[PDB]
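Peer 1: whatever this is, show me its structure:
(chains A, B, C and D, ligands or ions: 14)
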Amino acid sequence: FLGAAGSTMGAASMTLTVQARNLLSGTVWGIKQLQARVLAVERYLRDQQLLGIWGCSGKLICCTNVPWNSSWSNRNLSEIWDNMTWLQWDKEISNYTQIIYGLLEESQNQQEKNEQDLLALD
Amino acid sequence: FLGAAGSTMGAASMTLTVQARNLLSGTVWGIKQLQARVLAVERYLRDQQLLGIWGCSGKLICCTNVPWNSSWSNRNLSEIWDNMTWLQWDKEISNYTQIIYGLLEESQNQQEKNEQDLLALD
Amino acid sequence: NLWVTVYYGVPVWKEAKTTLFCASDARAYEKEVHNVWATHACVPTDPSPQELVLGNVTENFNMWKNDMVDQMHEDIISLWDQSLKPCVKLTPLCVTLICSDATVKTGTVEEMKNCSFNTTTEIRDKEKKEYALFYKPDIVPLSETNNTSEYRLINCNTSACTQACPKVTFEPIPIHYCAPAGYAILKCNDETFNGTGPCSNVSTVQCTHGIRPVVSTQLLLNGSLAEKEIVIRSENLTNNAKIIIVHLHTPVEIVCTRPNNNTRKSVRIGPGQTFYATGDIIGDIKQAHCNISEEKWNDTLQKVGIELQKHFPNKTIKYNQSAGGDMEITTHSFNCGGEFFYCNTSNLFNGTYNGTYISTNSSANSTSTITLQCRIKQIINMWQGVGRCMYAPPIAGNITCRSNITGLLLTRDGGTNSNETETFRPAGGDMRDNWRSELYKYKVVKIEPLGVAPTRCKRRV
Amino acid sequence: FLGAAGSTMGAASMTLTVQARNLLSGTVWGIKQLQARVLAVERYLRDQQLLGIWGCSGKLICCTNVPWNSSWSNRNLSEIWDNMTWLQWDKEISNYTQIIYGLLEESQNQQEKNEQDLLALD
Ligand SMILES: *[C@@H]1O[C@H](CO)[C@@H](O[C@@H]2O[C@H](CO)[C@@H](O[C@@H]3O[C@H](CO)[C@@H](O)[C@H](O)[C@H]3NC(C)=O)[C@H](O)[C@H]2NC(C)=O)[C@H](O)[C@H]1NC(C)=O
Ligand SMILES: *[C@@H]1O[C@H](CO)[C@@H](O[C@@H]2O[C@H](CO)[C@@H](O[C@@H]3O[C@H](CO)[C@@H](O)[C@H](O)[C@@H]3O)[C@H](O)[C@H]2NC(C)=O)[C@H](O)[C@H]1NC(C)=O
Ligand SMILES: *[C@@H]1O[C@H](CO)[C@@H](O[C@@H]2O[C@H](CO)[C@@H](O[C@@H]3O[C@H](CO)[C@@H](O)[C@H](O)[C@@H]3O)[C@H](O)[C@H]2NC(C)=O)[C@H](O)[C@H]1NC(C)=O
Ligand SMILES: *[C@@H]1O[C@H](CO)[C@@H](O[C@@H]2O[C@H](CO)[C@@H](O[C@@H]3O[C@H](CO)[C@@H](O)[C@H](O)[C@@H]3O)[C@H](O)[C@H]2NC(C)=O)[C@H](O)[C@H]1NC(C)=O
Ligand SMILES: *[C@@H]1O[C@H](CO)[C@@H](O[C@@H]2O[C@H](CO)[C@@H](O[C@@H]3O[C@H](CO)[C@@H](O)[C@H](O)[C@@H]3O)[C@H](O)[C@H]2NC(C)=O)[C@H](O)[C@H]1NC(C)=O
Ligand SMILES: *[C@@H]1O[C@H](CO)[C@@H](O[C@@H]2O[C@H](CO)[C@@H](O[C@@H]3O[C@H](CO)[C@@H](O)[C@H](O)[C@@H]3O)[C@H](O)[C@H]2NC(C)=O)[C@H](O)[C@H]1NC(C)=O
Ligand SMILES: *[C@@H]1O[C@H](CO)[C@@H](O[C@@H]2O[C@H](CO)[C@@H](O[C@@H]3O[C@H](CO)[C@@H](O)[C@H](O)[C@@H]3O)[C@H](O)[C@H]2NC(C)=O)[C@H](O)[C@H]1NC(C)=O
Ligand SMILES: *[C@@H]1O[C@H](CO)[C@@H](O[C@@H]2O[C@H](CO)[C@@H](O)[C@H](O)[C@H]2NC(C)=O)[C@H](O)[C@H]1NC(C)=O
Ligand SMILES: *[C@@H]1O[C@H](CO)[C@@H](O[C@@H]2O[C@H](CO)[C@@H](O)[C@H](O)[C@H]2NC(C)=O)[C@H](O)[C@H]1NC(C)=O
Ligand SMILES: *[C@@H]1O[C@H](CO)[C@@H](O[C@@H]2O[C@H](CO)[C@@H](O)[C@H](O)[C@H]2NC(C)=O)[C@H](O)[C@H]1NC(C)=O
Ligand SMILES: *[C@@H]1O[C@H](CO)[C@@H](O[C@@H]2O[C@H](CO)[C@@H](O)[C@H](O)[C@H]2NC(C)=O)[C@H](O)[C@H]1NC(C)=O
Ligand SMILES: *[C@@H]1O[C@H](CO)[C@@H](O)[C@H](O)[C@H]1NC(C)=O
Ligand SMILES: *[C@@H]1O[C@H](CO)[C@@H](O)[C@H](O)[C@H]1NC(C)=O
Ligand SMILES: *[C@@H]1O[C@H](CO)[C@@H](O)[C@H](O)[C@H]1NC(C)=O
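Peer 2: Numbers count the residues shown, from 1 in each chain, chains lettered A, B, ... in the order given. Ligands and ions are numbered 1, 2, ... in the order given. Next comes the structure:
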């Protein structure tokens, strides 16, 4: 579990699935146990709902059809993916992230209606 | 949330994601605080299970391979998708609704077993 | 030929019942966790409310059939029980009392009775003689009395009481209700919307506005004002059993005070438990009362008569006193500062109004203030005794409280001789009628995000 | 529910949806009802999480791209899919299964990373 937390993003592409494998595994104490189980269920369901909203659910790696904006862009591809780890990258993408998800959502929606604009004439 | 409730189905075909976007986020009081989260989790997981059974889960528009019966049919396509609104259309489509889910389930099972009978040799 | 399709996230709903949950206004509760309504435990509403108007939406509403008012009535009762549960009980205090007059002369108020009794100390075998002051509605002369000084409490042949804890603060902190995720709240926006009907302007919201749990009868206090027009709501308007809710457009400012300098003493009862009582009155005793600006009240009554005679044509309305009955029912009852008031209200509801605008004297300048006397009870059995009876502890110093009258609870005294002069009286008693005036707007619905439609669109295979 | 439990696997191959269609949601008593609903939500979410790990979620029959080891192999295909029933077969396939789950997980991760390496140059 978290076996490549200090490695690069290339290495974590082998480990990441087993992290998901631990996302659901497992009168005062009974109350606390009930609270823990409810919290775990909510935490697992939230990001799965977000993945289903973006439409790329069911797979670990998503391709988005959304262009990366230049205001977010400061580093190169090899500067990110081979020099440094996930934690500092999340620290520096703490900015601007809170809109990006919604963009994916509406982009996903456009694809669906475009698919409908094919599938009605399929 | 529900930003196009009174519009037509063609107009609601762009804003159908904002309804599902907010379905999971938001000692006398503590009991109700627990109860609300439990009810929300159950309500989301119900129709997520139904979309999983029908096989068109992961997308907001389902292509079904089930023929529309003539007993259900009274209006034209332009009469529905340009003139009619969802909320009042639900009233008239409340009839015959209960068998549609079973028809979708059996059609999905037939499609999966035909795909297995194909790909076992193909 | 045609092909069925199903869509996820459609904007349709249905009527349903569900369990709501509280949400405060992110007030600084870190000092005030000892509020009686326990509003600190609610989830704070951080952002702006989702004031989302729909447009092209009409729906029928019925606030007399709303589930929400009964749920919040049960929540208030349960909050009262759970707040009053860990406090101190008064079972050893129910003993024989010997009472005399503490007030020098009968005066205009003398009801502060002096009494003496016996109590148990920390040691079981040590009885101690003690004294306390009480009010005349609290004490009852003992059975088979020979006009003696023998007295007891009112509750002792009904049920035991518990005193309120002194840390408990009875300030009506505003409370929001929020539906769970997957449900929704629809509210009306039509400006002249009565209790029932189709609302042409309907907006959804995640959480309701800051309604207040004000404990009062016969006069709604600090409620949400009517936006432009005085609203009359009644379930039938021709049955006298249906209580008329009058929603005023403009507030009427009311002041209430107990003038005398009351003092608080303490009595040890049992192992590690204390009791609080009135010890002495400092200074000259004066009458507890309330003050209302008379001109504004008269103009408000005139406009209410206009709004009622347009519902009842060719009938003069007589604002008369309420029907006779108990102290808690006839008198206007409330609490402010932590003490409980019962006000006489005979001269308040004393007038009439016909089709003629009787009073252009409201246009003249005046400073007339009606003053009505009030009395004070220590022991209450409100909500018809479904909760445990609360002994209000006395509070040192004087008490002053200010409020806005925003609504009235009226009944139609449908007499036989009311062919032209109709009688309307104050009413109350059912505390959910106080809350139906505030929950008139809201409604709970359930989202059903799946839809069925044909498009002649075939799945690939 | 469980209307074909005594039949063979090929005979249950068209009836396997009746199990899943009733899996989810088919003061002492209130405590028990709360416990029951929480248990049902957990038991439904567990195997759905496992299918999401294996990537073949959303369908009832999974093709795996994992070779069947000879140590697990004793019977023929016609010996299984015509002569054998699921319940007694579970007794003999009770071995090796926890290894099989991890093998499916790592093979799915390898498939995802190969698909990412292909689609990065797409
Ligand atoms: C009873 O009704 C009164 C009116 O009839 C209310 O009095 C008004 O309350 C408003 C809000 O409490 C005040 O507005 C505030 O005024 C101050 C000073 O001018 C400003 O700094 C604030 O920004 C402003 N806030 C808002 C939201 O407007 C009014 O000044 C005040 N007076 C009048 C004449 O309107 C009482 O609040 C109301 N309730 C009680 C308990 O008395
Ligand atoms: C209500 O009635 C009680 C009962 O009589 C009054 O209490 C009495 O108060 C007086 C003075 O206020 C006490 O007298 C004092 O006694 C002590 C000895 O105990 C003595 O040292 C003092 O010099 C003084 O004489 C009296 O003892 C006390 N009695 C009891 C039983 O408590 C009380 O004052 C009355 N309240 C009012 C507002 O009149
Ligand atoms: C507990 O004790 C109290 C105190 O006595 C009881 O209340 C009493 O109930 C009687 C019966 O209703 C009341 O008598 C009534 O008096 C009015 C005039 O005030 C008269 O018009 C009626 O016809 C009737 O005679 C009495 O006033 C009332 N006393 C008080 C102080 O409220 C109560 O009933 C007892 N409860 C139990 C369960 O024993
Ligand atoms: C609200 O109150 C009204 C009364 O204004 C109820 O409506 C119906 O009113 C008529 C007369 O206005 C009642 O008819 C009466 O019938 C008796 C016996 O048949 C007869 O002796 C009288 O001379 C008169 O004709 C009628 O009973 C009454 N309806 C009912 C069901 O009692 C109305 O029902 C009330 N409720 C609602 C929801 O509107
Ligand atoms: C609220 O305040 C009003 C106003 O004082 C009270 O009404 C008054 O009650 C007294 C009884 O203490 C009445 O006095 C008696 O009236 C009879 C009948 O005329 C008379 O024969 C007696 O000699 C005595 O004067 C008084 O008439 C009555 N009305 C007024 C205008 O003073 C009322 O009792 C108070 N309480 C409630 C709960 O309403
Ligand atoms: C405050 O409100 C009251 C009532 O809403 C107004 O007082 C009422 O004034 C009318 C005349 O302006 C009085 O009518 C007269 O009553 C006597 C009674 O016998 C009758 O003989 C006369 O022919 C006439 O109908 C009415 O009695 C009176 N009501 C009361 C309770 O005094 C008053 O004008 C209002 N004042 C302001 C400043 O708004
Ligand atoms: C106890 O009683 C005293 C005396 O009645 C109360 O004091 C009075 O309080 C009111 C408002 O609370 C004062 O009115 C306002 O005073 C300010 C200046 O202080 C003035 O700018 C306003 O226009 C308005 O007149 C009133 O003056 C004041 N009177 C005195 C003699 O201090 C006190 O509020 C009561 N306390 C409690 C806790 O009940
Ligand atoms: C409180 O208890 C005292 C005793 O501790 C009571 O005083 C007795 O009352 C009876 C009845 O009149 C007399 O016969 C005794 O002589 C009294 N004194 C004693 C020492 O027993 C008193 O009545 C009780 N009640 C009150 C209100 O003081
Ligand atoms: C329907 O109701 C909505 C909300 O109650 C109204 O929207 C408000 O309109 C006023 C002016 O008419 C604005 O000052 C407010 O800012 C609006 N509210 C919001 C949240 O922006 C709307 O006008 C009403 N429409 C009708 C026809 O009654
Ligand atoms: C307020 O209502 C009371 C109800 O009792 C009225 O008192 C009655 O008045 C009529 C007038 O003719 C008398 O015949 C009755 O005998 C009275 N009943 C009692 C119990 O006194 C009172 O008059 C009304 N007041 C107003 C201003 O309408
Ligand atoms: C209702 O108001 C009327 C009008 O003020 C009161 O009638 C007056 O009462 C006083 C009190 O003794 C008399 O001095 C006046 O002569 C009365 N005027 C008239 C025209 O009758 C009446 O008493 C009030 N009633 C109540 C119950 O408050
Ligand atoms: C309330 O208003 C509706 C129309 O807005 C009307 O049909 C109904 O009779 C009214 N009811 C009352 C009690 O005023
Ligand atoms: C009833 O009142 C109206 C105005 O209030 C008036 O025009 C009408 O004449 C009255 N009815 C009768 C029968 O006088
Ligand atoms: C209404 O009452 C007032 C009271 O002074 C009177 O002047 C007026 O004539 C009355 N109007 C009717 C229609 O009775």
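
Peer 1: residue C:389: neighbour count?
Peer 2: Residue C:389 is flanked by 19 other residues according to other Cβ atoms under 10 Å in any protein chain shown. Bear in mind the C-beta positions are built from the backbone N, C-alpha and C, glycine included.

Peer 1: quick one: the helices in the chain, in order.
Peer 2: Just so you know, I chose chain A. Using DSSP state H, the helices assigned to chain A run over residues A:9-21, A:28-54, A:77-81, A:86-92, A:97-119.

Peer 1: not quite, go with chain C.
Peer 2: Counting by DSSP H, the helices of chain C are C:68-84, C:294-309, C:327-330, C:432-436.

Peer 1: redo those helices as CSV? Include mean neighbour count and distance to ligand 3.
Peer 2: Output for the helices of chain C, formatted as CSV (neighbours: other Cβ atoms under 10 Å in any protein chain shown; distance: least, Cβ to the nearest ligand atom, whole Å):
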stretch, mean neighbour count, distance to ligand 3
helix C:68-84, 17, 22
helix C:294-309, 18, 31
helix C:327-330, 16, 9
helix C:432-436, 20, 25
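
Peer 1: closest to residue B:71 out of those helices?
Peer 2: Checking the helices of chain C against residue B:71 by Cβ to Cβ gives helix C:68-84 as the closest, at 40.2 Å.

Peer 1: residues of the stretch 1-150 of chain C that sit close to ligand 4?
Peer 2: Residues of the stretch 1-150 of chain C found near ligand 4 (Cβ under 6 Å from any ligand atom): none.

Peer 1: by proximity to ligand 10, which residue of the stretch 1-150 of chain C wins?
Peer 2: residue C:137 (23.4 Å; Cβ to the nearest ligand atom).

Peer 1: give me phi/psi at that residue?
Peer 2: The phi and psi torsions at residue C:137 (degrees, to the nearest 10) take the values phi -60, psi -20.

Peer 1: tell me the contacts of the nearest residue to it once chain neighbours are set aside?
Peer 2: If you skip the residues right next to it in sequence, residue C:137 has residue C:377 as its closest partner in space, 5.1 Å away by Cβ to Cβ, 6 or more residues apart in numbering or on different chains. Taking Cβ atoms under 8 Å, 6 or more residues apart in numbering or on different chains, we find residue C:377 in contact with C:135, C:137, C:138, C:327, C:340, C:342, C:392.

Peer 1: burial check on residue C:456, number of neighbours?
Peer 2: Residue C:456 has 13 nearby residues by other Cβ under 10 Å.

Peer 1: hang on, it packs against residue B:78?
Peer 2: No - contact criterion Cβ atoms under 8 Å: residue C:456 and residue B:78 do not qualify, at 11.7 Å.

Peer 1: sorry, back to before: now, the most widely separated pair of the contacts of residue C:377?
Peer 2: C:327 and C:392 (15.0 Å).

Peer 1: related to what we said a few turns ago, give me the buried subset of the contacts of residue C:377.
Peer 2: C:135, C:137, C:138, C:340, C:342, C:392 (16 or more other Cβ atoms under 10 Å in any protein chain shown).

Peer 1: inside strands: which ones of those?
Peer 2: Using DSSP state E, the subset of these located in strands is C:135, C:340, C:342.

Peer 1: does chain B have contacts with stretch A:31-43?
Peer 2: Yes - residues of stretch A:31-43 contacting chain B under Cβ under 8 Å from any Cβ of the partner chain: A:38, A:41, A:42.

Peer 1: possible to save those residues as a markdown table with distance to ligand 8 and neighbour count?
Peer 2: Shown next, in a markdown table, are the residues of stretch A:31-43 next to chain B (distance: Cβ to the nearest ligand atom, whole Å; neighbours: other Cβ atoms under 10 Å in any protein chain shown):
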| residue | distance to ligand 8 | neighbour count |
| --- | --- | --- |
| A:38 | 58 | 17 |
| A:41 | 63 | 19 |
| A:42 | 62 | 15 |
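
Peer 1: now, among those residues, which is nearest to residue C:77?
Peer 2: residue A:38 (27.4 Å).

Peer 1: next, count neighbours for the residue lying closest to that closest one once chain neighbours are set aside.
Peer 2: Distances taken as Cβ to Cβ, 6+ apart place residue B:37 nearest to residue A:38, at 6.5 Å, with adjacent residues excluded. If you count neighbours by other Cβ under 10 Å, residue B:37 ends up with 19.

Peer 1: wait, what's in contact with residue B:37?
Peer 2: Neighbours of residue B:37 in contact, by Cβ under 8 Å, 6+ apart: A:38, A:42, C:180.

Peer 1: you'd agree the first one is up against residue B:39?
Peer 2: So the one you mean is residue A:38. No - if you go by Cβ under 8 Å, residue A:38 and residue B:39 don't touch, sitting 11.9 Å apart.

Peer 1: just to revisit the earlier point, closest to ligand 9 out of the helices of chain C?
Peer 2: If you check each of these against ligand 9 by Cβ to the nearest ligand atom, helix C:68-84 wins as the nearest, at 19.5 Å.

Peer 1: check the stretch 151-300 of chain C for the residue nearest ligand 2 and tell me.
Peer 2: Taking Cβ to the nearest ligand atom, ligand 2 has its nearest neighbour within the stretch 151-300 of chain C at residue C:280, 4.9 Å off.

Peer 1: check contacts around residue C:86.
Peer 2: residue C:165.

Peer 1: how far away is it from residue C:164?
Peer 2: According to Cβ to Cβ, to the nearest Å, residue C:86 and residue C:164 sit 11 Å apart.

Peer 1: how far does stretch C:1-19 sit from the chain's center?
Peer 2: 40 Å (Cα atoms, centre = their mean, to the nearest Å).

Peer 1: oops, could you answer that again for stretch C:87-97 instead?
Peer 2: 28 Å.

Peer 1: contacting residues for the closest residue to residue C:324 other than its chain neighbours?
Peer 2: Sequence neighbours aside, residue C:330 is the residue nearest to residue C:324 in space, at 6.6 Å (criterion: Cβ to Cβ, 6+ apart). The neighbours of residue C:330, taking Cβ under 8 Å, 6+ apart as the test, are C:322, C:323, C:324, C:345.

Peer 1: now, of those, which are buried?
Peer 2: Using 16+ other Cβ under 10 Å, the buried ones in those are C:322, C:345.

Peer 1: what's the closest of the contacts of residue C:330 to residue C:56?
Peer 2: Looking across the contacts of residue C:330 and measuring by Cβ to Cβ, the closest to residue C:56 is residue C:322, at 46.0 Å.

Peer 1: okay, residue A:92 and residue A:64: tell me how far apart.
Peer 2: Taken as Cβ to Cβ, the span from residue A:92 to residue A:64 is 19 Å.

Peer 1: about what we covered before: now tabulate the helices of chain A in JSON lines and tack on distance to ligand 6.
Peer 2: Listed next are those as JSON lines, based on distance: least, Cβ to the nearest ligand atom, whole Å:
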{"stretch": "helix A:9-21", "distance to ligand 6": "76"}
{"stretch": "helix A:28-54", "distance to ligand 6": "60"}
{"stretch": "helix A:77-81", "distance to ligand 6": "80"}
{"stretch": "helix A:86-92", "distance to ligand 6": "71"}
{"stretch": "helix A:97-119", "distance to ligand 6": "60"}
